[PDB]
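*Asks:* If you scroll down you'll find the structure; I have some questions about it.
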Amino acid sequence: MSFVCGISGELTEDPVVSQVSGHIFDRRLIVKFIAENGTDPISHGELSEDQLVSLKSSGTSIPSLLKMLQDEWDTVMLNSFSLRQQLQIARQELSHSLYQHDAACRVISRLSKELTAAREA
Amino acid sequence: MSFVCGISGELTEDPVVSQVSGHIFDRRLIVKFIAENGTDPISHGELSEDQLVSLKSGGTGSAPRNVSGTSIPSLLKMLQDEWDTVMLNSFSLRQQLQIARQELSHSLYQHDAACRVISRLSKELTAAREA
Amino acid sequence: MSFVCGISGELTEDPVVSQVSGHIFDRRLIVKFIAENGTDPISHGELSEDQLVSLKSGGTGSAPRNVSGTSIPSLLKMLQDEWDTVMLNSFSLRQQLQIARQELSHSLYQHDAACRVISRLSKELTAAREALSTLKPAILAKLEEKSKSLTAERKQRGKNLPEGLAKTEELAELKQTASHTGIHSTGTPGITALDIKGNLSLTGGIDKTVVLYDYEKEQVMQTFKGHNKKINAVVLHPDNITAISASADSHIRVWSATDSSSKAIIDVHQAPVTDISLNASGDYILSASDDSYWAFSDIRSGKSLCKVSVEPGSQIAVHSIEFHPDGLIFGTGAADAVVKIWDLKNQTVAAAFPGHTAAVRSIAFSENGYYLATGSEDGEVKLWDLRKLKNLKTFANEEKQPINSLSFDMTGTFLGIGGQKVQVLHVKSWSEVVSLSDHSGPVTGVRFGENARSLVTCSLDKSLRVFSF
Amino acid sequence: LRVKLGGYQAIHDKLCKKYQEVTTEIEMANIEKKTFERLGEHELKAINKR
Amino acid sequence: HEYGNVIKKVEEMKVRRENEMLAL
């Protein structure tokens with residue numbers, strides 16, 4: 001059947017599920033995730049490779065398959081770039097929002113102090 | 001021969017593998033170890049002489065060893081290792097983006113902060129201008 | 001540790017060993033091999049996927065990157081160039097295998113051709129030393145002339161196969177339409193050779209008699225007597241009157257249907273005679289024998305005209321001879337898979353069509369001599385390039401049963417094959433048509449009638465049987 | 001990298017050529033071994049014959 | 001995963017450092 005890996009979002013040939021969260025993964029990614037991060041990737045709990053339960057279970061032209069790789073690799077790298085570009089834009093929106101917030105606190109601080117003067121005019 | 005014994009550590013000329021160990025031994029070593037101890041040195045499982053098979057190379061049809069360094073398996077292997085790295089990289093970027101994108105949505109107070117300033121300044125003006 | 005797969009020659013990340021060989025494999029490759037062939041790829045021992053022992057020791061380390069392998073598109077470029085060289089290698093192998101099988105055939109041929117020379121000289125040396133060890137004090141030319149047209153001319157008249165010839169769907173209805181008994185004496189019965197001329201036929205008996213017989217009327221025409229032993233070969237002459245026959249008594253006797261006595265006798269052999277054949281002009285008899293000699297004589301006067309030992313110094317079974325109506329380029333079959341066409345002017349070979357390890361019982365040319373067929377009891381029958389001295393087509397079978405005789409049809413578009421059983425092929429399509437099992441014993445001689453519409457046979461079942469549809 | 005590694009690569013290129021030459025020599029020599037071993041049997045029969 | 005051979009770098013560094021060095 002079709003199974004979707006939680007890390008890649010791709011159809012996987014080797015679907016495996018972790019007992020610490022119940023999300024399906026490609027075995028190879030989650031083992032590399034565990035071997036690098038130690039946690040479950042979705043629930044962030046401690047995980048280990050023995051806690052993984054395996055789920056149950058054409059060719060056309062080599063010049064074509066090599067061109068399917070080329071186009072598919074460009075799509076994977078395009079995505080990775082747009083994520084780095086989108087992540088900096090999110091940080092730029094975030095840091096601007098904090099500046100507006102901190103400037104507003106200074107204004108509210110300034111005005112609230114000035115409002116004390118009206119009690120001693 | 002290119003086989004190195006797991007126990008003696010030498011490059012053997014009598015390579016033998018035992019079914020329980022999945023490991024490579026000298027014939028002259030493993031037979032006396034079976035004789036004196038009956039046991040796999042690696043797993044500590046039982047052994048008997050029928051569990052032992054001796055390795056060979058260079059038979060008829062045996063392909064020439066590729067030494068050119070490049071190969072189709074090894075290129076597909078490292079293309080796979082690139083792919084795993086880029087997905088786990090992209091996953092952590094996607095996680096980072098979700099965290100940043102989540103909190104800046106929760107932080108969208110700024111129009112309500114502006115109404116509070118309007119409310120405060122208008123109160124201030126009516127409190128400043130009463131004398 | 002480091003390992004390489006016996007199948008691919010690459011490093012393997014999953015080394016495994018079969019229990020029935022010393023050689024080690026990449027698991028998915030050997031499993032795919034087993035899934036096709038069920039056998040060890042190198043020892044050819046029978047192998048199953050559970051007879052595989054797995055090395056849990058760490059597989060071969062990764063090959064270091066080339067500097068050009070540091071970028072994904074250049075890995076794909078490198079993978080493309082790698083892949084092309086792998087396919088050219090695989091394509092080079094199938095070319096090299098074809099060349100090796102060409103050269104192996106030629107060397108064995110050149111080896112077997114040299115053994116023809118060793119055999120002749122060794123016996124000729126032996127006969128020379130035997131002297132020391134016991135030392136005490138013309139129509140042929142007109143046949144060449146006719147051969148100087150007919151081997152190349154006959155396209156001028158044979159422009160098509162006959163229209164009345166049996167189709168492949170018609171001969172499938174062949175059945176034993178007649179059975180014949182009493183042709184030969186019941187005290188020592190048996191028919192060892194057969195020939196026909198239309199509905200007329202001639203039979204050689206184990207009873208040491210030759211009987212002229214009609215297989216359409218079920219009637220004896222004439223009985224010829226005078227051989228001292230059972231018959232081994234016969235030829236029936238197109239004149240419907242003359243008959244020629246050969247016997248284990250080492251003599252050839254010629255008969256006439258008008259006569260109770262020999263028209264001629266040829267006393268020209270050292271041992272049992274084995275085969276005889278007729279010059280297309282009709283006047284001259286060609287013959288071969290178990291003594292390693294062949295002899296040729298005039299029938300119309302009785303004079304022998306030429307004779308040679310094929311190879312003197314040994315009693316070796318020549319067991320067929322034929323004449324070919326262009327004039328020449330015909331041959332003899334003999335014991336050690338000899339099928340030698342003869343350079344008749346020079347008393348030496350001219351060409352050959354062997355196809356066997358064993359002796360060859362029969363040789364037949366087609367009308368125009370651009371087909372020939374041969375077979376033997378080692379179990380196959382093959383069709384031959386008379387024009388270029390090469391193989392064309394083969395008949396093959398599961399059992400490799402003895403094949404005792406062969407015959408074209410009238411035209412060369414069908415070929416009867418058999419011995420212990422009988423079958424007929426349509427040669428123009430080259431497909432098997434029908435299998436015949438109505439004989440209760442081996443067949444000894446075969447003929448076909450007009451348009452392939454009938455088949456005539458003799459057998460160790462002590463009958464002569466005719467098949468037709 | 002090209003200049004830093006070029007020496008190591010040139011060594012590997014030399015070893016590949018040498019290894020191919022040796023292994024093809026082993027192949028032809030092992031063919032010669034098996035024919036002369038089989039030919040040695042055929043000559044032994046010839047001795048008894050002569 | 002790719003340069004896992006660095007284990008062999010430190011091992012050969014270790015073995016090299018066993019030269020002019022003690023037992024066991």
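Chain labels follow the order of the structure tokens: the first chain is A, the next B, and so on; residue numbering restarts at 1 in every chain, and ligands are counted from 1 in their shown order.
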For chain C, which residues have at least one atom within 10 Å of chain A, if we go by only C-alpha atoms? Write them as a PyMOL selection string, please.
*Replies:* chain C and resi 72-73+76-77+79-80+83-84
*Asks:* Now that the selection is made, can you save its residues with N, CA and C atoms as a CSV table (one decimal), in the first residue's frame?
*Replies:*
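Saved file again_9.csv follows:
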chain,number,residue,atom,x,y,z
C,72,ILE,N,26.0,17.3,-7.3
C,72,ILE,CA,25.0,16.3,-7.7
C,72,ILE,C,24.9,16.2,-9.2
C,73,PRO,N,24.8,17.3,-10.0
C,73,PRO,CA,24.7,17.1,-11.4
C,73,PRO,C,26.0,16.5,-12.0
C,76,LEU,N,25.5,12.8,-11.5
C,76,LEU,CA,24.7,12.3,-12.6
C,76,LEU,C,25.4,12.2,-13.9
C,77,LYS,N,26.2,13.2,-14.2
C,77,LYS,CA,27.0,13.2,-15.4
C,77,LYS,C,28.0,12.0,-15.3
C,79,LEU,N,27.6,9.4,-13.5
C,79,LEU,CA,26.8,8.1,-13.6
C,79,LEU,C,26.4,7.8,-15.0
C,80,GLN,N,26.1,8.8,-15.8
C,80,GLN,CA,25.8,8.6,-17.2
C,80,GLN,C,27.0,8.0,-17.9
C,83,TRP,N,27.6,4.5,-16.8
C,83,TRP,CA,26.6,3.6,-17.3
C,83,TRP,C,26.9,3.2,-18.8
C,84,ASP,N,27.2,4.2,-19.6
C,84,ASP,CA,27.6,3.9,-21.0
C,84,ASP,C,28.7,2.9,-21.1
*Asks:* Within 10 Å of chain E, which residues of chain B are there when counting only C-alpha atoms? Please give them as a PDB file with N, CA, C and O atoms, in the first residue's frame.
*Replies:*
ATOM      1  N   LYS B  77      24.708   4.756  -4.283  1.00  0.00           N
ATOM      2  CA  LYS B  77      24.852   4.864  -2.836  1.00  0.00           C
ATOM      3  C   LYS B  77      25.077   6.303  -2.385  1.00  0.00           C
ATOM      4  O   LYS B  77      24.360   6.802  -1.513  1.00  0.00           O
ATOM      5  N   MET B  78      26.068   6.992  -2.955  1.00  0.00           N
ATOM      6  CA  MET B  78      26.319   8.360  -2.505  1.00  0.00           C
ATOM      7  C   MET B  78      25.245   9.334  -2.965  1.00  0.00           C
ATOM      8  O   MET B  78      25.007  10.333  -2.285  1.00  0.00           O
ATOM      9  N   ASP B  81      22.904   8.939  -0.169  1.00  0.00           N
ATOM     10  CA  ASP B  81      23.377   9.637   1.023  1.00  0.00           C
ATOM     11  C   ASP B  81      23.246  11.148   0.910  1.00  0.00           C
ATOM     12  O   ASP B  81      23.014  11.819   1.920  1.00  0.00           O
ATOM     13  N   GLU B  82      23.397  11.705  -0.288  1.00  0.00           N
ATOM     14  CA  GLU B  82      23.034  13.100  -0.499  1.00  0.00           C
ATOM     15  C   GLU B  82      21.565  13.331  -0.215  1.00  0.00           C
ATOM     16  O   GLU B  82      21.197  14.295   0.458  1.00  0.00           O
ATOM     17  N   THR B  85      20.632  13.390   3.485  1.00  0.00           N
ATOM     18  CA  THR B  85      21.111  14.617   4.108  1.00  0.00           C
ATOM     19  C   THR B  85      20.233  15.810   3.759  1.00  0.00           C
ATOM     20  O   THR B  85      19.904  16.619   4.629  1.00  0.00           O
TER      21      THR B  85
END
*Asks:* Can I get the residues of chain A within 12 Å of chain E, each with the closest pair of atoms and their distance in Å to one decimal, using only C-alpha atoms, sorted chain first then ascending number, as a tab-separated table?
*Replies:*
residue	atom	partner	partner_atom	distance
A:28	CA	E:1	CA	11.9
A:31	CA	E:1	CA	11.8
A:32	CA	E:1	CA	9.2
A:35	CA	E:1	CA	10.4
A:36	CA	E:1	CA	10.9
*Asks:* Give me, as a PDB file with N, CA, C and O atoms, in the first residue's frame, the residues of chain D touching chain C, with the criterion being at most 12 Å (counting only C-alpha atoms).
*Replies:*
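Written file, iface.pdb:
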ATOM      1  N   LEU D   1      42.408  21.416  -4.409  1.00  0.00           N
ATOM      2  CA  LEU D   1      42.272  19.966  -4.283  1.00  0.00           C
ATOM      3  C   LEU D   1      42.901  19.215  -5.449  1.00  0.00           C
ATOM      4  O   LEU D   1      43.518  18.162  -5.245  1.00  0.00           O
ATOM      5  N   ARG D   2      42.716  19.711  -6.675  1.00  0.00           N
ATOM      6  CA  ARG D   2      43.261  19.047  -7.859  1.00  0.00           C
ATOM      7  C   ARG D   2      44.765  18.827  -7.757  1.00  0.00           C
ATOM      8  O   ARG D   2      45.264  17.732  -8.039  1.00  0.00           O
ATOM      9  N   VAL D   3      45.501  19.852  -7.330  1.00  0.00           N
ATOM     10  CA  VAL D   3      46.942  19.700  -7.164  1.00  0.00           C
ATOM     11  C   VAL D   3      47.292  18.961  -5.875  1.00  0.00           C
ATOM     12  O   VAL D   3      48.272  18.209  -5.839  1.00  0.00           O
ATOM     13  N   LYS D   4      46.519  19.156  -4.806  1.00  0.00           N
ATOM     14  CA  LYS D   4      46.796  18.452  -3.557  1.00  0.00           C
ATOM     15  C   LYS D   4      46.622  16.945  -3.707  1.00  0.00           C
ATOM     16  O   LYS D   4      47.384  16.168  -3.123  1.00  0.00           O
ATOM     17  N   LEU D   5      45.627  16.517  -4.485  1.00  0.00           N
ATOM     18  CA  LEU D   5      45.293  15.105  -4.641  1.00  0.00           C
ATOM     19  C   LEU D   5      45.866  14.464  -5.899  1.00  0.00           C
ATOM     20  O   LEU D   5      45.871  13.231  -5.985  1.00  0.00           O
ATOM     21  N   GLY D   6      46.315  15.267  -6.869  1.00  0.00           N
ATOM     22  CA  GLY D   6      46.715  14.734  -8.168  1.00  0.00           C
ATOM     23  C   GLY D   6      47.790  13.665  -8.097  1.00  0.00           C
ATOM     24  O   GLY D   6      47.791  12.720  -8.890  1.00  0.00           O
ATOM     25  N   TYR D   8      48.235  11.478  -5.503  1.00  0.00           N
ATOM     26  CA  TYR D   8      47.554  10.265  -5.060  1.00  0.00           C
ATOM     27  C   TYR D   8      46.717   9.647  -6.170  1.00  0.00           C
ATOM     28  O   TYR D   8      46.638   8.419  -6.287  1.00  0.00           O
ATOM     29  N   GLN D   9      46.085  10.477  -6.996  1.00  0.00           N
ATOM     30  CA  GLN D   9      45.293   9.952  -8.101  1.00  0.00           C
ATOM     31  C   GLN D   9      46.173   9.312  -9.167  1.00  0.00           C
ATOM     32  O   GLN D   9      45.830   8.253  -9.706  1.00  0.00           O
ATOM     33  N   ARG D  50      52.270 -45.678 -28.639  1.00  0.00           N
ATOM     34  CA  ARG D  50      53.479 -45.803 -29.448  1.00  0.00           C
ATOM     35  C   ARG D  50      54.400 -46.901 -28.928  1.00  0.00           C
ATOM     36  O   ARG D  50      54.849 -47.759 -29.693  1.00  0.00           O
TER      37      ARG D  50
END
*Asks:* Find the nearest atom pair between each residue of chain B and chain C for residues within 10 Å, count only C-alpha atoms, give distances in Å to one decimal, sort rows by chain and ascending number, and present the table as CSV.
*Replies:*
residue,atom,partner,partner_atom,distance
B:2,CA,C:2,CA,8.3
B:3,CA,C:2,CA,8.2
B:4,CA,C:1,CA,8.0
B:6,CA,C:57,CA,9.4
B:15,CA,C:22,CA,9.4
B:16,CA,C:22,CA,9.1
B:17,CA,C:55,CA,8.1
B:18,CA,C:53,CA,8.2
B:19,CA,C:53,CA,5.9
B:20,CA,C:53,CA,8.7
B:21,CA,C:56,CA,8.0
B:22,CA,C:55,CA,4.4
B:23,CA,C:55,CA,5.9
B:24,CA,C:55,CA,8.1
B:51,CA,C:19,CA,9.5
B:52,CA,C:19,CA,9.0
B:53,CA,C:19,CA,6.6
B:54,CA,C:22,CA,5.7
B:55,CA,C:22,CA,4.0
B:56,CA,C:22,CA,4.2
B:57,CA,C:23,CA,5.7
B:58,CA,C:6,CA,8.2
B:59,CA,C:42,CA,6.6
B:60,CA,C:42,CA,6.2
B:61,CA,C:42,CA,6.4
B:62,CA,C:6,CA,5.0
B:63,CA,C:9,CA,5.0
B:64,CA,C:9,CA,5.5
B:65,CA,C:9,CA,4.3
B:66,CA,C:10,CA,5.6
B:67,CA,C:10,CA,8.3
B:68,CA,C:63,CA,9.7
B:69,CA,C:63,CA,6.0
B:70,CA,C:63,CA,7.4
B:71,CA,C:82,CA,6.9
B:72,CA,C:79,CA,6.6
B:73,CA,C:10,CA,8.0
B:74,CA,C:63,CA,6.9
B:75,CA,C:79,CA,6.6
B:76,CA,C:79,CA,8.2
B:77,CA,C:62,CA,8.6
B:78,CA,C:62,CA,8.5
B:79,CA,C:72,CA,7.4
B:82,CA,C:72,CA,8.1
B:83,CA,C:72,CA,9.8
*Asks:* Output C-alpha atoms of each residue in that selection to a file, as a compact mmCIF listing (two decimals), in the first residue's frame.
*Replies:*
# COMPACT_ATOMS: atom_id res chain seq x y z
CA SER B 2 42.42 -11.06 1.43
CA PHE B 3 40.38 -12.63 4.24
CA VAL B 4 41.55 -11.58 7.71
CA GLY B 6 38.63 -12.43 13.33
CA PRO B 15 39.32 -19.05 5.28
CA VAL B 16 36.33 -20.68 6.98
CA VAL B 17 33.02 -19.09 8.02
CA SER B 18 30.74 -20.60 10.67
CA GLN B 19 26.97 -20.40 10.30
CA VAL B 20 26.23 -19.28 13.86
CA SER B 21 28.95 -16.62 13.96
CA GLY B 22 28.60 -15.04 10.55
CA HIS B 23 32.33 -14.50 11.05
CA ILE B 24 35.60 -15.58 9.47
CA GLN B 51 28.41 -25.62 10.61
CA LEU B 52 31.65 -24.57 8.84
CA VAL B 53 32.11 -23.60 5.17
CA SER B 54 35.40 -22.70 3.47
CA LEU B 55 35.69 -19.70 1.16
CA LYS B 56 37.02 -19.69 -2.40
CA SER B 57 37.58 -17.17 -5.19
CA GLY B 58 38.46 -17.13 -8.87
CA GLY B 59 36.17 -19.87 -10.11
CA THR B 60 34.82 -20.03 -13.63
CA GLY B 61 32.57 -17.09 -14.42
CA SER B 62 33.83 -15.13 -11.40
CA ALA B 63 33.75 -11.52 -12.54
CA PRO B 64 36.93 -9.41 -12.51
CA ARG B 65 37.14 -7.23 -9.43
CA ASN B 66 36.35 -3.64 -10.31
CA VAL B 67 39.18 -1.40 -9.09
CA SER B 68 38.39 1.80 -11.02
CA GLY B 69 36.81 3.36 -7.88
CA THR B 70 33.72 4.53 -9.71
CA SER B 71 30.82 2.12 -9.96
CA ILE B 72 27.09 2.27 -10.49
CA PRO B 73 26.33 0.91 -6.98
CA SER B 74 28.68 3.37 -5.28
CA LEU B 75 27.33 6.33 -7.24
CA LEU B 76 23.75 5.35 -6.44
CA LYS B 77 24.85 4.86 -2.84
CA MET B 78 26.32 8.36 -2.51
CA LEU B 79 23.40 9.88 -4.41
CA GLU B 82 23.03 13.10 -0.50
CA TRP B 83 19.27 12.67 -0.60
*Asks:* Measure the distance from atom CA of residue 297 of chain C to atom CA of residue 246 of chain C in Å and round it to one decimal.
*Replies:*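 Taking atom CA of residue 297 of chain C as the start and atom CA of residue 246 of chain C as the end point, the length is 13.9 Å.
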*Asks:* Report the closest atom pair, with its distance in Å rounded to one decimal, for each residue of chain D that has an atom no farther than 9 Å from chain B; count only C-alpha atoms, sort by chain and then rising residue number, and write it as JSON lines.
*Replies:*
{"residue": "D:12", "atom": "CA", "partner": "B:68", "partner_atom": "CA", "distance": 8.7}
{"residue": "D:13", "atom": "CA", "partner": "B:68", "partner_atom": "CA", "distance": 8.3}
{"residue": "D:16", "atom": "CA", "partner": "B:67", "partner_atom": "CA", "distance": 6.5}
{"residue": "D:19", "atom": "CA", "partner": "B:67", "partner_atom": "CA", "distance": 8.4}
{"residue": "D:20", "atom": "CA", "partner": "B:67", "partner_atom": "CA", "distance": 8.8}
{"residue": "D:23", "atom": "CA", "partner": "B:64", "partner_atom": "CA", "distance": 8.1}
